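This is coords20.txt (compact mmCIF, C-alpha atoms and all ligand atoms).
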# COMPACT_ATOMS: atom_id res chain seq x y z
CA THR X 1 -4.97 -22.42 11.40
CA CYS X 2 -2.02 -20.39 10.20
CA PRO X 3 -0.82 -21.19 6.70
CA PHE X 4 2.79 -22.17 5.98
CA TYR X 5 3.65 -19.03 3.86
CA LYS X 6 3.08 -16.87 7.06
CA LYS X 7 5.67 -18.70 9.20
CA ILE X 8 9.42 -17.99 9.15
CA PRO X 9 11.28 -21.39 9.43
CA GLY X 10 14.09 -21.58 11.97
CA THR X 11 12.39 -19.02 14.15
CA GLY X 12 9.54 -18.35 16.52
CA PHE X 13 8.27 -15.65 14.09
CA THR X 14 5.09 -15.15 12.03
CA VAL X 15 4.29 -12.32 9.56
CA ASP X 16 0.78 -10.84 9.19
CA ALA X 17 -0.80 -13.77 11.15
CA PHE X 18 -3.30 -12.23 13.72
CA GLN X 19 -6.55 -14.09 12.68
CA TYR X 20 -5.59 -17.58 13.69
CA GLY X 21 -5.76 -17.30 17.53
CA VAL X 22 -2.56 -18.24 19.44
CA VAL X 23 -0.09 -19.71 16.91
CA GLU X 24 1.80 -22.68 18.41
CA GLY X 25 5.45 -21.80 18.86
CA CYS X 26 5.14 -18.09 17.99
CA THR X 27 7.13 -15.77 20.31
CA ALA X 28 6.96 -12.56 18.16
CA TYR X 29 4.26 -11.46 15.68
CA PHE X 30 5.49 -9.11 12.90
CA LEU X 31 3.04 -6.71 11.12
CA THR X 32 4.28 -5.35 7.76
CA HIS X 33 1.65 -2.57 7.40
CA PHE X 34 -1.77 -1.29 8.58
CA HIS X 35 -4.10 -2.78 5.92
CA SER X 36 -7.08 -4.81 7.25
CA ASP X 37 -6.39 -8.14 5.42
CA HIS X 38 -2.95 -8.11 7.24
CA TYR X 39 -3.89 -6.82 10.75
CA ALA X 40 -7.21 -8.91 10.80
CA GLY X 41 -7.58 -10.18 14.35
CA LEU X 42 -5.67 -7.48 16.32
CA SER X 43 -7.53 -5.47 19.08
CA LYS X 44 -6.99 -3.98 22.71
CA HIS X 45 -7.14 -7.51 24.08
CA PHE X 46 -4.07 -8.76 22.13
CA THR X 47 -1.36 -9.76 24.62
CA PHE X 48 1.77 -10.90 22.68
CA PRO X 49 4.72 -8.79 21.35
CA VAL X 50 3.96 -7.07 17.96
CA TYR X 51 6.98 -5.84 15.97
CA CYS X 52 6.39 -3.11 13.33
CA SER X 53 7.38 0.35 12.08
CA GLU X 54 6.83 3.53 14.24
CA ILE X 55 3.97 4.62 11.95
CA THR X 56 2.25 1.21 12.16
CA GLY X 57 2.71 1.30 15.93
CA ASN X 58 0.96 4.81 16.12
CA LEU X 59 -1.98 3.32 14.24
CA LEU X 60 -2.19 0.18 16.43
CA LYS X 61 -2.25 2.33 19.64
CA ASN X 62 -4.71 5.05 18.44
CA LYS X 63 -7.01 3.23 15.98
CA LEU X 64 -7.17 -0.40 17.30
CA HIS X 65 -6.22 0.59 20.99
CA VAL X 66 -3.61 -2.08 21.34
CA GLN X 67 -1.86 -1.47 24.67
CA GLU X 68 1.52 0.22 24.51
CA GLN X 69 3.36 -2.48 26.51
CA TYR X 70 2.86 -4.97 23.57
CA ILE X 71 3.90 -2.53 20.74
CA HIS X 72 7.57 -2.79 19.67
CA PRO X 73 8.34 -0.17 17.04
CA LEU X 74 11.69 -0.53 15.14
CA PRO X 75 13.54 2.10 13.18
CA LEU X 76 14.13 1.58 9.47
CA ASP X 77 17.55 0.77 7.83
CA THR X 78 18.95 -0.24 11.30
CA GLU X 79 20.20 -3.64 12.54
CA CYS X 80 17.99 -4.80 15.47
CA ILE X 81 17.96 -8.07 17.52
CA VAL X 82 14.60 -9.67 18.16
CA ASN X 83 14.47 -12.80 20.37
CA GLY X 84 18.11 -13.47 19.48
CA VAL X 85 17.83 -13.00 15.73
CA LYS X 86 19.25 -10.05 13.62
CA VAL X 87 16.43 -8.22 11.67
CA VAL X 88 16.25 -5.11 9.47
CA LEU X 89 13.16 -3.20 8.37
CA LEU X 90 13.24 -1.56 4.86
CA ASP X 91 10.74 0.89 3.24
CA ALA X 92 8.31 -1.16 1.04
CA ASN X 93 7.12 1.77 -1.21
CA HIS X 94 3.53 0.75 -0.37
CA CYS X 95 1.40 2.85 2.08
CA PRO X 96 2.72 4.93 5.00
CA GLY X 97 4.59 2.76 7.54
CA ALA X 98 4.79 -0.30 5.27
CA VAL X 99 7.99 -2.36 5.53
CA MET X 100 9.88 -5.31 4.07
CA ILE X 101 11.65 -7.52 6.70
CA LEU X 102 15.15 -9.03 6.35
CA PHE X 103 15.81 -11.95 8.72
CA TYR X 104 19.40 -13.22 9.26
CA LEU X 105 18.86 -16.75 10.65
CA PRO X 106 21.20 -18.37 13.13
CA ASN X 107 22.27 -21.07 10.60
CA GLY X 108 23.39 -18.50 7.91
CA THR X 109 20.12 -18.53 5.86
CA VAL X 110 18.93 -14.98 4.82
CA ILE X 111 15.15 -14.43 4.23
CA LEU X 112 13.50 -11.32 2.66
CA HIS X 113 9.69 -10.91 3.28
CA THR X 114 8.45 -8.06 1.00
CA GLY X 115 5.10 -7.56 2.78
CA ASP X 116 3.10 -5.59 0.22
CA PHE X 117 5.43 -3.53 -2.01
CA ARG X 118 5.86 -1.54 -5.20
CA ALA X 119 9.29 -2.58 -6.41
CA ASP X 120 11.65 0.22 -7.46
CA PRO X 121 15.27 0.49 -8.73
CA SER X 122 16.08 2.51 -5.58
CA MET X 123 15.77 -0.75 -3.61
CA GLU X 124 18.91 -1.99 -5.52
CA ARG X 125 20.93 0.56 -3.33
CA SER X 126 19.33 -0.25 0.03
CA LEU X 127 21.01 -2.56 2.56
CA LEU X 128 20.01 -5.37 0.08
CA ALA X 129 23.01 -4.51 -2.21
CA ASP X 130 25.50 -6.54 -0.09
CA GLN X 131 23.77 -9.85 -0.01
CA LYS X 132 22.63 -13.16 -0.70
CA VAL X 133 18.96 -14.04 -0.11
CA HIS X 134 18.06 -17.77 0.19
CA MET X 135 14.23 -17.31 0.43
CA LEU X 136 12.02 -14.45 -0.96
CA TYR X 137 8.39 -14.20 0.40
CA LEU X 138 7.01 -12.15 -2.54
CA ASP X 139 3.96 -9.84 -3.03
CA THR X 140 2.68 -11.39 -6.29
CA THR X 141 -0.47 -9.27 -6.62
CA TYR X 142 0.15 -8.39 -10.31
CA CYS X 143 2.32 -11.33 -11.36
CA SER X 144 1.18 -11.56 -15.07
CA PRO X 145 2.34 -9.50 -18.11
CA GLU X 146 -1.11 -8.18 -18.78
CA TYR X 147 -0.79 -5.97 -15.72
CA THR X 148 0.49 -2.60 -16.89
CA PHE X 149 -0.08 0.86 -15.45
CA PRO X 150 1.76 4.22 -15.40
CA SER X 151 4.24 5.65 -12.83
CA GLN X 152 2.72 7.28 -9.76
CA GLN X 153 4.37 10.57 -11.00
CA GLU X 154 2.41 10.48 -14.37
CA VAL X 155 -0.88 9.73 -12.57
CA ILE X 156 -0.41 12.64 -10.12
CA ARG X 157 0.49 15.00 -13.07
CA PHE X 158 -2.84 14.00 -14.71
CA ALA X 159 -4.85 14.53 -11.48
CA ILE X 160 -3.30 18.01 -10.64
CA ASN X 161 -3.75 19.26 -14.26
CA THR X 162 -7.39 18.01 -14.39
CA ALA X 163 -8.39 19.54 -11.01
CA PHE X 164 -6.52 22.88 -11.67
CA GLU X 165 -8.20 23.30 -15.13
CA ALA X 166 -11.73 22.56 -13.75
CA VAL X 167 -11.54 24.98 -10.79
CA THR X 168 -9.90 27.73 -12.89
CA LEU X 169 -12.76 27.47 -15.42
CA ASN X 170 -15.30 27.27 -12.56
CA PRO X 171 -14.34 28.86 -9.23
CA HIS X 172 -17.50 27.43 -7.64
CA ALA X 173 -16.55 23.76 -8.30
CA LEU X 174 -15.82 21.25 -5.41
CA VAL X 175 -13.21 18.46 -5.81
CA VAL X 176 -13.88 15.13 -3.99
CA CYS X 177 -11.40 12.18 -3.55
CA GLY X 178 -12.46 8.68 -2.38
CA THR X 179 -10.56 6.70 0.31
CA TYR X 180 -11.12 3.37 2.30
CA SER X 181 -7.73 2.65 3.90
CA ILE X 182 -4.37 4.35 4.35
CA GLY X 183 -2.19 4.77 1.23
CA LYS X 184 -2.47 6.97 -1.88
CA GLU X 185 -2.47 10.24 0.23
CA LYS X 186 -0.40 11.94 -2.57
CA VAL X 187 -3.56 12.06 -4.77
CA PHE X 188 -5.53 14.39 -2.46
CA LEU X 189 -2.46 16.22 -1.07
CA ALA X 190 -1.13 17.16 -4.52
CA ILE X 191 -4.59 18.35 -5.74
CA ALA X 192 -5.12 20.49 -2.54
CA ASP X 193 -1.61 22.01 -2.96
CA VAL X 194 -2.29 23.13 -6.62
CA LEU X 195 -5.68 24.67 -5.54
CA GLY X 196 -4.36 26.52 -2.45
CA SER X 197 -6.70 24.62 -0.14
CA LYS X 198 -6.53 22.36 2.92
CA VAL X 199 -8.14 18.94 2.59
CA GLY X 200 -11.43 18.55 4.48
CA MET X 201 -12.46 15.21 6.04
CA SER X 202 -14.28 13.36 8.93
CA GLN X 203 -12.89 13.36 12.40
CA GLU X 204 -12.09 9.57 12.05
CA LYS X 205 -10.04 10.08 8.88
CA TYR X 206 -8.25 13.11 10.40
CA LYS X 207 -7.25 10.92 13.38
CA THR X 208 -5.79 8.32 11.02
CA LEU X 209 -3.79 10.92 9.09
CA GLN X 210 -2.42 12.37 12.32
CA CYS X 211 -0.66 8.98 13.04
CA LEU X 212 1.40 9.07 9.77
CA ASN X 213 4.42 11.42 10.50
CA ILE X 214 3.79 13.45 7.32
CA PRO X 215 5.80 16.71 7.48
CA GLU X 216 3.86 19.91 8.09
CA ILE X 217 0.53 17.86 8.11
CA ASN X 218 -1.18 20.46 10.32
CA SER X 219 -0.76 22.97 7.44
CA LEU X 220 -2.44 20.50 4.94
CA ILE X 221 -5.61 18.91 6.48
CA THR X 222 -8.73 19.96 8.45
CA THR X 223 -12.05 18.85 9.91
CA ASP X 224 -13.66 22.15 8.93
CA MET X 225 -15.28 21.05 5.66
CA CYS X 226 -16.72 24.50 5.01
CA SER X 227 -13.23 26.04 4.86
CA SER X 228 -11.98 23.55 2.13
CA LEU X 229 -12.72 22.89 -1.57
CA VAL X 230 -11.02 19.44 -1.62
CA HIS X 231 -13.18 16.92 0.40
CA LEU X 232 -12.42 13.25 1.30
CA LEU X 233 -15.28 10.75 1.39
CA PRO X 234 -15.51 7.00 1.78
CA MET X 235 -14.86 5.21 -1.55
CA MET X 236 -18.42 3.72 -1.42
CA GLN X 237 -19.88 7.19 -1.70
CA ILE X 238 -18.00 7.97 -4.98
CA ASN X 239 -21.04 7.43 -7.31
CA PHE X 240 -23.67 9.86 -8.74
CA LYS X 241 -26.20 9.20 -5.89
CA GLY X 242 -23.68 9.67 -3.04
CA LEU X 243 -22.16 12.78 -4.68
CA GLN X 244 -25.56 14.38 -5.29
CA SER X 245 -26.28 13.80 -1.64
CA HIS X 246 -23.00 15.35 -0.54
CA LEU X 247 -23.52 18.49 -2.69
CA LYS X 248 -26.91 19.07 -0.95
CA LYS X 249 -25.08 19.18 2.35
CA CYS X 250 -22.72 21.99 1.32
CA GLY X 251 -25.41 24.72 1.56
CA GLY X 252 -25.16 26.22 -1.95
CA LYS X 253 -21.47 26.93 -1.70
CA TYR X 254 -20.73 24.85 -4.86
CA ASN X 255 -22.49 24.20 -8.17
CA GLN X 256 -20.31 21.40 -9.68
CA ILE X 257 -18.34 18.27 -8.44
CA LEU X 258 -15.23 16.83 -9.93
CA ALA X 259 -14.48 13.39 -8.16
CA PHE X 260 -11.58 10.98 -8.22
CA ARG X 261 -11.55 7.19 -7.50
CA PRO X 262 -8.05 5.98 -7.06
CA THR X 263 -8.07 2.29 -8.00
CA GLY X 264 -5.45 -0.33 -8.69
CA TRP X 265 -5.29 -1.82 -12.18
CA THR X 266 -8.67 -2.04 -14.08
CA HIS X 267 -9.62 -3.54 -17.51
CA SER X 268 -9.41 -0.15 -19.23
CA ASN X 269 -5.60 -0.14 -18.54
CA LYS X 270 -5.35 -2.79 -21.27
CA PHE X 271 -6.55 -0.24 -23.86
CA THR X 272 -6.52 3.41 -22.68
CA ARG X 273 -3.38 5.49 -21.85
CA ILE X 274 -3.55 7.80 -18.80
CA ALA X 275 -3.25 10.96 -21.04
CA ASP X 276 -6.40 9.83 -22.93
CA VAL X 277 -8.61 9.08 -19.81
CA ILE X 278 -12.08 10.71 -19.68
CA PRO X 279 -14.68 10.77 -16.86
CA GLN X 280 -18.21 9.41 -16.42
CA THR X 281 -20.57 12.45 -16.30
CA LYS X 282 -24.23 13.04 -15.12
CA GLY X 283 -25.32 16.66 -15.05
CA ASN X 284 -22.99 18.81 -12.89
CA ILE X 285 -21.04 15.67 -11.55
CA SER X 286 -17.96 14.08 -13.20
CA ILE X 287 -16.06 10.97 -11.86
CA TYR X 288 -12.52 9.94 -12.93
CA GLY X 289 -11.06 6.49 -12.25
CA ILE X 290 -7.29 6.89 -11.93
CA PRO X 291 -4.84 3.89 -11.78
CA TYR X 292 -2.66 4.89 -8.83
CA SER X 293 -1.02 1.55 -7.82
CA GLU X 294 0.84 0.83 -4.58
CA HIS X 295 1.84 -2.68 -5.86
CA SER X 296 4.52 -3.66 -8.39
CA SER X 297 3.65 -3.86 -12.08
CA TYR X 298 4.67 -7.12 -13.72
CA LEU X 299 7.80 -5.47 -15.21
CA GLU X 300 8.79 -3.82 -11.90
CA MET X 301 8.46 -7.14 -10.06
CA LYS X 302 10.45 -9.06 -12.69
CA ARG X 303 13.30 -6.50 -12.60
CA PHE X 304 13.54 -6.67 -8.80
CA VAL X 305 13.60 -10.46 -8.63
CA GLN X 306 16.14 -10.87 -11.55
CA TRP X 307 18.39 -8.35 -9.64
CA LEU X 308 18.04 -10.07 -6.28
CA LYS X 309 18.55 -13.66 -7.62
CA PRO X 310 16.87 -15.50 -4.77
CA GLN X 311 17.31 -19.24 -4.40
CA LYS X 312 13.62 -19.96 -3.74
CA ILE X 313 10.44 -17.84 -4.08
CA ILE X 314 7.33 -18.23 -1.88
CA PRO X 315 4.32 -16.20 -3.17
CA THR X 316 2.11 -14.47 -0.54
CA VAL X 317 -0.73 -13.29 -2.96
CA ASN X 318 -2.99 -15.28 -5.36
CA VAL X 319 -2.07 -18.51 -3.52
CA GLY X 320 -5.60 -19.98 -3.37
CA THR X 321 -6.04 -21.44 -6.89
CA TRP X 322 -3.99 -24.05 -8.77
CA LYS X 323 -4.22 -21.96 -11.97
CA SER X 324 -2.71 -18.90 -10.21
CA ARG X 325 0.01 -21.01 -8.53
CA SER X 326 0.98 -22.68 -11.86
CA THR X 327 1.06 -19.38 -13.78
CA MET X 328 3.35 -17.75 -11.10
CA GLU X 329 5.74 -20.77 -10.99
CA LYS X 330 6.09 -20.66 -14.85
CA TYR X 331 7.12 -16.95 -14.72
CA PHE X 332 9.61 -17.54 -11.91
CA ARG X 333 11.34 -20.22 -14.07
CA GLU X 334 11.35 -18.02 -17.13
CA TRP X 335 12.96 -15.16 -15.11
CA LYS X 336 15.62 -17.55 -13.70
CA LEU X 337 16.51 -18.99 -17.21
CA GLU X 338 16.70 -15.55 -18.83
CA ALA X 339 18.98 -14.03 -16.12
CA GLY X 340 21.06 -17.24 -15.56
CA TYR X 341 20.71 -17.75 -11.75
NI NI I 401 -1.52 -3.57 1.51
Give the structure from the file, written as structure tokens.
Ligand code: NI
Amino acid sequence: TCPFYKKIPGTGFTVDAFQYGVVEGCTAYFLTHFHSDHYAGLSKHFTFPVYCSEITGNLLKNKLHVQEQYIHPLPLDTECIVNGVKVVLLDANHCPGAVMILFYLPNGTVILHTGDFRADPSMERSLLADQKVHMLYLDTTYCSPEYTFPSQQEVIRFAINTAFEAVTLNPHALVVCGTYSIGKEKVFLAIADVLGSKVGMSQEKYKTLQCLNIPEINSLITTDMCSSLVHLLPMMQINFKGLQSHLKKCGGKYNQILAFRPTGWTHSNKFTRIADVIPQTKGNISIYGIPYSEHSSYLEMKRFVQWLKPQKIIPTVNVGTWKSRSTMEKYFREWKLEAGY
């Protein structure tokens, strides 16, 4: 059964609630983004209205084969009416097509559901500037001060400089980038741009990328692996055994691999600055873990919430343990006492 933090009170709406069968009283199912923990349960047999971004709707139709009659794509930054209730979708700064949802309830209550997000000061000049928010449904993934990591811009500078140096020293090197979901496309696109190459990948991953409305994408990606020196592979294959195996398949075109594993936060972020990061190496194979996050750091999250000044916060991540719930509630109260709301 559907938990309480996935239901929007005063409405017939749920958010990211497809794995519970038919939810009693739900007339519209919202999907914030195309990540499997959130879409879990959707398929071609789903027969209620799904509300989402255009990009999420392209993925639902082409990857999960949801029928078109049940997909309701909404434009961003635009007031829409769904089952008699005013809604707005806002860019979440997460993966492609990810949104936050503003609900203006009939009784005057205003609710913001962040979905998954990476808070940014640019959100302080969205359509949120105007107004009061009574309830915030918050992505609390990294809600503790130990969670630090660099800007996306610093991490991409490190990746492009590392890949450009390696291939300039060795023109016969191959670069590989792991993936297991949408998001983090800047990593492989920026590296291919500095090397003057298209990105090579499987037909399945190409299909996914073709649903994302990325400008000039046809100029940037390919299924012809042999024509490319930046390859995408499943994240599970980014290890010395899977990379050795891949190099065999390339028919003596390359004599070295440089590989990247974009992660979220890891333990080494407690100690090692991005500029100082080194790879794991075995023979002619090197593997870099790089902390490219699509969720808020602790500081980014705290800034956003102290700006917004919501009356009540409902966490949507780390809700399963009493220790996590207590820790999050203590930080919410600190933030409220410090800022005076
Ligand atoms: Ni996500």
Kindly provide the residues of chain X that approach ligand NI 401 (chain I) to within 8 Å, each paired with its closest atom pair and their distance in Å to one decimal, based on all atoms listed in the file, listed by chain and increasing number, as CSV.
residue,atom,partner,partner_atom,distance
X:33,CA,I:NI401,NI,6.8
X:34,CA,I:NI401,NI,7.4
X:35,CA,I:NI401,NI,5.2
X:37,CA,I:NI401,NI,7.7
X:38,CA,I:NI401,NI,7.4
X:94,CA,I:NI401,NI,6.9
X:95,CA,I:NI401,NI,7.1
X:115,CA,I:NI401,NI,7.8
X:116,CA,I:NI401,NI,5.2
X:117,CA,I:NI401,NI,7.8
X:294,CA,I:NI401,NI,7.9
(message) For a test of reading the model, state the distance in Å between atom CA of residue X:111 and atom CA of residue X:11, rounded to one decimal.
(response) 11.3 Å
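From atom CA of residue X:287 back to atom CA of residue X:258, the distance works out to 6.2 Å.
Residues with any atom within 7 Å of residue X:213, counting all atoms listed in the file and excluding same-chain neighbours fewer than 2 positions away, are residues 55, 211 and 215 of chain X.
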Export C-alpha atoms of the chosen residues as a short mmCIF file (atom, residue, chain, number, x, y, z; two decimals), keeping the file's coordinate frame?
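Output contents, as saved in part-v2.cif:
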data_model
loop_
_atom_site.label_atom_id
_atom_site.label_comp_id
_atom_site.auth_asym_id
_atom_site.auth_seq_id
_atom_site.Cartn_x
_atom_site.Cartn_y
_atom_site.Cartn_z
CA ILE X 55 3.97 4.62 11.95
CA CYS X 211 -0.66 8.98 13.04
CA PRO X 215 5.80 16.71 7.48
#
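Comparing the minimum interatomic distances between residue X:150 and each of X:29, X:265, X:322, X:332, counting all atoms listed in the file, we find that X:265 sits nearest.
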(request) Kindly indicate which residue among X:142, X:13, X:260, X:292 lies nearest to residue X:318, using only C-alpha atoms for the distances. (result) X:142
(request) Step by step: start from the point (-3.7, -20.6, 11.8) in the file's coordinates, keep every protein, DNA or RNA residue that has an atom no farther than 12 Å from it, count only C-alpha atoms, and write the set as a ChimeraX atom specification. (result) /X:1-7,14-26,41
(message) With all atoms listed in the file as the counted atoms, please give the residues lying no more than 9 Å from residue X:305, apart from itself and same-chain residues fewer than 2 positions off, as JSON, numbers by chain.
(response) {"X": [136, 300, 301, 302, 303, 307, 308, 309, 310, 332, 335, 336]}
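Here the question is which of X:147, X:304, X:109, X:291 gets nearest to residue X:124 using all atoms listed in the file, and that residue is X:304.
For residue X:278, the list of residues within 12 Å, based on all atoms listed in the file and with local chain neighbours fewer than 2 positions off taken out, reads residues 158, 159, 162, 258, 260, 268, 272, 273, 274, 275, 276, 280, 281, 286, 287, 288, 289 and 290 of chain X.
For the choices X:196, X:106, X:251, X:315, the atom-to-atom distance to residue X:135 is smallest for X:315 when using all atoms listed in the file.
Here the question is which of X:86, X:44, X:125, X:333 gets nearest to residue X:312 using only C-alpha atoms, and that residue is X:333.
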